[PDB]
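Right, one structure below, let's go through it.
Protein chains in written order, with the UniProt record's numbering: chain A, 607 to 734; chain U, 740 to 798.
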């Protein structure tokens, strides 16, 4: 009954994943994509429809570092498909194995946790 | 701790290592097993096994 939202900005992972997996709700909200993410947050606050299917990491950071942590996310981070991020390289570049070795080594040496705690750590993450 | 709920689950999670399946440097099934397990994960076949084998009891 009520007009809900499926706001997904073009040229992104969310729209492509939705249309690859469940190409049914995209047509319903084809003419609903917001211009960017700041105007998307503005439209989320300015009540016309309270729904955004976005990246788990970006949404979690925004919720953690929000003004009073008002808007939230449905579920305990139940990602539709946890695929993560990747690092680009040229086709057949001579550095891929070394890149992977360095990445796994830095995964081992407890430092990306420091990076996350320095940059993406929220204020209400501990708060309930 | 779910079946014989006598202990607790203190502590947090760290050093999160996704369980893999390693092979020798030569094997004609590495790509095939990789794509098969990716397809199973995408269609959620493993979730049904989790429901029917492990996550089935509480106290």
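Just so you know, even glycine gets a beta-carbon here, dropped at the ideal spot from N, CA and C.
Using a threshold of 8 Å, state whether the C-beta atoms of residue 615 of chain A and residue 640 of chain A are closer than that.
Within the first chain, residue 615 of chain A is the residue found at index 9, counting from 1. Within the first chain, residue 640 of chain A is the residue found at index 34, counting from 1. In contact: residue 615 of chain A and residue 640 of chain A (Cβ atoms closer than 8 Å).
What are the residues that DSSP puts in a beta bridge with residue 613 of chain A?
Here residue 613 of chain A is taken as the residue at index 7 of the first chain, counted from 1. In the DSSP output, where bridge partners are listed per residue, residue 613 of chain A has A:658.
Could you name each continuous alpha helix (DSSP H) segment of 4 residues or more that falls completely within the segment 689-725 of chain A, going from the start of the chain to the end?
702-714, 718-725
Using three-state DSSP, classify residue 753 of chain U as helix, strand or coil.
Looking up residue 753 of chain U in the second chain gives position 14. DSSP places residue 753 of chain U in coil when its eight states are reduced to three.
How about the segment 645-662 of chain A and the segment 708-719 of chain A: do they share at least three Cβ pairs that are nearer than 8 Å?
no
Check whether the segment 641-649 of chain A touches the segment 611-626 of chain A, taking contact to mean three or more Cβ pairs, one atom from each stretch, closer than 8 Å.
Yes: the two stretches touch, three or more of their Cβ pairs being nearer than 8 Å.
Exposed or buried, residue 650 of chain A, counting other C-beta atoms within 10 Å across all chains shown (16 or more means buried)?
If you number the first chain from 1, residue 650 of chain A lands on position 44. So residue 650 of chain A ends up on the buried side.
What does the alpha-carbon distance come out to for the pair residue 638 of chain A and residue 682 of chain A?
Looking up residue 638 of chain A in the first chain gives position 32. Looking up residue 682 of chain A in the first chain gives position 76. Taking the straight line from one Cα to the other gives about 26 Å.
For residue 666 of chain A, which of helix, strand or coil comes out of DSSP?
The count along the first chain starts at 1 and reaches residue 666 of chain A at position 60. The answer is helix: DSSP assigns residue 666 of chain A an H, G or I state.
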